[PDB]
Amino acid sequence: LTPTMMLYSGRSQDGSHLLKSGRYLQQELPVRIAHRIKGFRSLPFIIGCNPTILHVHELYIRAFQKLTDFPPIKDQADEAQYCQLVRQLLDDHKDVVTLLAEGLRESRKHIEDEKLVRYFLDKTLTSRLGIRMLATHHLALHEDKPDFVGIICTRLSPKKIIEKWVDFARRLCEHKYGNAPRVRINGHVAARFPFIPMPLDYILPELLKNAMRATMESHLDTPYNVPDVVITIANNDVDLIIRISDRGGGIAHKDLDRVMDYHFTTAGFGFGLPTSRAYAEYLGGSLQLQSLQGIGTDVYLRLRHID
């Protein structure tokens, strides 16, 4: 399970579990989308009038209409068509973070309660993650993948998923700078346990891109020889901790109280850190920074295990 939301682990050769899951989504999705729409309705007028914000507001209204127009699921044929709707919505909404980032960029500067936008984005993006997790889990229940129950991996290796995003981040970095730091991984490198990959897929590349950028920009004279990024995995009975340590110079004292703000960037829209922290906390984890100004930064991602 996740916040106020359960990921069904059920199984059935008759397929009765798919119907129960689908009926659950049918009950749950319209209510959560309605909460998002209320979020839009309460946005400060001048922000809500932004055409890009209006577009996203309308997307959610359409989603609500489609979800509520769909008849109650009674058989596999109904459930099958519901999945088509769910797939369409997942796709129609895939650029929502980007659209909100852009819609909010300028319009936020008007109102003076800066807490409002942070609150709306935390609430909106985490609810969205939860919705996409539930929806994707349902679809995945149809899949035949070993080591997976829906989107839940029954034996996830933290080292493997980290290496996947390391390779991705390294490619982006090389394309921009001509090279990328090597990454070393230490600690509980052989750990395997049940876990939902999706949050890691969102968070890890954000933290890795940050570490690599900082490392390259502080070693412009020696791009062919930069300090490794060092990742430590700690696996205990309560949580999984992933520490990502770089020698990229640290986060400056003058920037320290701003790096967690949406739209703050020293370079994207400056979303990597605030979104990653909102997601971690939404799931009962946390994201903490330790800056060693002049040396580097340690970032600690903590995510709870599955009970």
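Numbering starts at 1 and runs along the sequence shown. Rigid core here is just the name for the largest C-alpha set that superposes within 1.5 Å across the two forms.
Problem set entry | Core-aligned Cα RMS comparison in 8 other deposited structures of this protein - stretch that moves more, 99 to 107 or 205 to 213 | It is 99 to 107 whose C-alphas lie farther from the shown form in 8 other deposited structures of this protein.
Do the Cα atoms of 193 to 201 stray more than those of 111 to 119 in 8 other deposited structures of this protein, or is it the other way round, with the core held fixed?
Between the two stretches, 111 to 119 moves farther in 8 other deposited structures of this protein.
- Is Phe269 one of the residues left unmodelled in a third or more of the other entries compared? Yes, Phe269 lacks coordinates in at least a third of the other entries compared.
Note to self: Between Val238 and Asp239, how many residues of the deposited sequence have no coordinates in this entry: none, 1 to 3, 4 to 9, or 10 or more?
What the structure shows: Missing residues, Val238 to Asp239: none.
Quick check: 206 to 214 versus 219 to 227, which has the larger average CA B-factor in the record?
Mean B over CA atoms: larger for 219 to 227.
message = When the Cα temperature factors in the entry are averaged, is it 71 to 79 or 147 to 155 that ends up higher?
response = According to the PDB entry, the answer is 71 to 79.
Item to complete: Could you say which of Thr265, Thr52, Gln27, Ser245 has its CA atom at the highest B factor, as listed in the PDB entry?
Response: In the PDB entry, the greatest C-alpha B-factor among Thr265, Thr52, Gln27, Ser245 is found at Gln27.
| said: Sorting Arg128, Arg105, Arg87, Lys164 by Cα temperature factor from the record, which one lands on top? | reply: So the option with the highest C-alpha B-factor is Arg105.
- Ranked by Cα temperature factor within the chain, is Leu200 in the lowest third, the middle third or the highest third? According to the entry, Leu200 has a C-alpha B-factor in the chain's lowest third.
query = With respect to C-alpha B-factor, does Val31 fall in the lowest, middle or highest third of the chain as deposited?
reply = Within its chain, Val31 is a highest-third residue by C-alpha B-factor, going by the deposited values.
* To do: Would you please rank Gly187 by its C-alpha temperature factor against the other modelled residues of its chain and give the third it falls in: lowest, middle or highest?
  => Its C-alpha B-factor, which the entry lists for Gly187, ranks in the lowest third among residues of this chain.
**OP:** Tell me, lowest, middle or highest third: where does the Cα B factor of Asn179 rank within its chain?
**Re:** For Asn179, whose C-alpha B-factor we compare with every modelled residue in the chain, the answer is the highest third.
Please place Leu141 in the lowest, middle or highest third of its chain according to the CA B-factor in the PDB entry. Ranked within chain, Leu141 CA B lands in the highest tercile.
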